[PDB]
Participant: 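Attaching a single structure in structure tokens format; questions to follow.
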Amino acid sequence: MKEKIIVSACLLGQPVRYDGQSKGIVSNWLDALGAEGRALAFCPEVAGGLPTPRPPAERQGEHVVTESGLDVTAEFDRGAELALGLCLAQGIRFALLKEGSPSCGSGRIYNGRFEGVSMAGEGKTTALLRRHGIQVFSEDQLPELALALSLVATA
Ligand code: SF4
Ligand SMILES: [S]
């Protein structure tokens, strides 16, 4: 059937990023999906109770902290669980999440040293969704996500 996906709200142009900006991507496919009511916007950090703007944060293994040392893991873990809850309730098995984020990253994240250095890894929400069988794609993998969603359309 024409299934739904969960999408990082910033990729849809919502100004929920830590700096109050958006990461709206130019995509005819994603626009069409949204026009059909199939792209459910979700921001784990805002759902988890963090404000907008909010200080930058990085993973330090299981913890998520700001540069000043404030531990925000509780909010990151709440937002990841709420993303999973929305997927389970709506029967969603695919996610399109923002690359590099301590919540939404899927191929890379910042290394926890607050020095602008990236490493291979995933954000807290991506890790939880993948652990529960949900496939996560970044905005650099739109062709792959669009194909994965198109293969189950006639079922
Ligand atoms: S937590 Fe994810 S959806 Fe929310 S602004 Fe950051 S990258 Fe975008
Ligand atoms: S963010």
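Both counts, for ligands and for their atoms, begin at 1 and track the order of listing. Along the sequence shown, residues are numbered consecutively beginning with 1. Atom set for the values below is all heavy atoms of this structure, side chains included, hydrogens, waters and symmetry mates excluded.
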Participant: State the atoms of ligand 1, each with its element, that fall below the 4.0 Å cut-off from a heavy-atom position in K98.
Facilitator: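 Those atoms are 7 (S).
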Participant: List ligand 1 atoms under 4.0 Å from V16, heavy atoms only on the residue side.
Facilitator: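 With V16 as reference, the close atoms of ligand 1 come out as 5 (S).
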Participant: Can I25 be reached from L33 by stepping across I, L, V, M, F, W or Y side chains whose heavy atoms are under 4.5 Å apart?
Facilitator: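 Yes; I25 is reachable from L33 via cluster members.
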Participant: Any chance you could measure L82, atom CG, to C43, atom SG, to the nearest 0.5 Å?
Facilitator: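 So the CG of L82 and the SG of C43 are separated by 11.5 Å.
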Participant: Backbone, side chain, both or neither: what part of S101 comes under 4.0 angstrom of ligand 1, heavy atoms only?
Facilitator: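 Just the side chain.
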Participant: Could a heavy atom of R54 be found less than 4.0 Å from some atom of ligand 1?
Facilitator: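 Contact present.
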Participant: Examine all N, O or S atoms of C10, backbone included, and report whether one is under 2.8 Å from atom 4 (Fe) of ligand 1.
Facilitator: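 Checking atom 4 (Fe) of ligand 1 against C10, no N, O or S atom falls under 2.8 Å.
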Participant: Run the salt-bridge test on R38 and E3 with the 4.0 Å N-O cut-off and return the result as yes or no.
Facilitator: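 Between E3 and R38 there is no salt bridge, as every charged N stays at least 4.0 Å from the carboxylate O atoms.
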Participant: Considering heavy atoms of the protein only, find what lies nearest to atom 2 (Fe) of ligand 1 and give residue, atom and distance to 0.1 Å.
Facilitator: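 It is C104 SG, 2.3 Å.
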Participant: In terms of hydrophobic clustering (I, L, V, M, F, W, Y; side-chain heavy atoms under 4.5 Å; direct or indirect links), are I5 and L142 co-clustered?
Facilitator: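 Hydrophobic grouping puts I5 with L142.
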Participant: Give a yes or no on whether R54 atom CZ has more than 12 heavy-atom contacts from other residues, nucleotides or ligands under 6.0 Å away.
Facilitator: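 More than 12 heavy atoms, drawn from other residues, nucleotides or ligands, come within 6.0 Å of this atom.
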Participant: To which protein heavy atom is atom 4 (Fe) of ligand 1 closest, and what is the distance rounded to 0.1 Å?
Facilitator: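 Going by distance alone, atom 4 (Fe) of ligand 1 is nearest to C43 SG, 2.3 Å.
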Participant: With a 4.0 Å heavy-atom cut-off (strictly under), which part of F42 contacts ligand 1: side chain, backbone, both or neither?
Facilitator: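 Looking at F42 and ligand 1, just backbone atoms fall under 4.0 Å.
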Participant: Of all the atoms in ligand 1, which lie at a distance below 4.0 Å from a heavy atom belonging to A9?
Facilitator: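 So the atoms of ligand 1 that pass are 3 (S).
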Participant: With rounding to the nearest 0.5 Å, note down the distance linking CD in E99 to CZ in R108.
Facilitator: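 Here the rounded value is 5.0 Å.
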Participant: Just verifying a value: how many Å separate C104 SG and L129 CG, rounded to the nearest 0.5 Å?
Facilitator: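 Between atom SG of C104 and atom CG of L129 there are 9.0 Å.
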